[PDB]
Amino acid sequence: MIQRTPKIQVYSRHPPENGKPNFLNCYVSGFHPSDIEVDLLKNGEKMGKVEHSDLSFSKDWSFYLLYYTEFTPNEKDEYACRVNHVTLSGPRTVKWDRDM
């Protein structure tokens, strides 16, 4: 049996403008099995109210999910996405980069 790693993308719903309310998105895809832990982090801390989509998969059978929360991008706050899966040696953190 083969198990596949999660591709991780951290981005914002709308273009990031300081002071303006927005949505932080962590899209995880191409993994298997479906079990997976995903957390949105503000300054290394787990965010409060984080929603996620319903489990689904692509044509290559790999699963995908979107986690997202409300956030207001500013200057001092640091945002990231922490993902853990059976294919990983441990949780993987991907920082939110406004250029990607």
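We number the residues from 1 along the sequence you see.
For the pair 28 to 36 and 42 to 50, the record assigns the higher mean C-alpha temperature factor to 42 to 50. Taking the mean C-alpha B-factor of each stretch as recorded, 57 to 65 and 71 to 79 are not equal, and the higher mean is that of 71 to 79. Going by the entry's values, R98 shows the largest Cα B-factor out of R98, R4, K7, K95.
When all modelled residues of the chain are sorted by CA temperature factor, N18 is found within the highest third.
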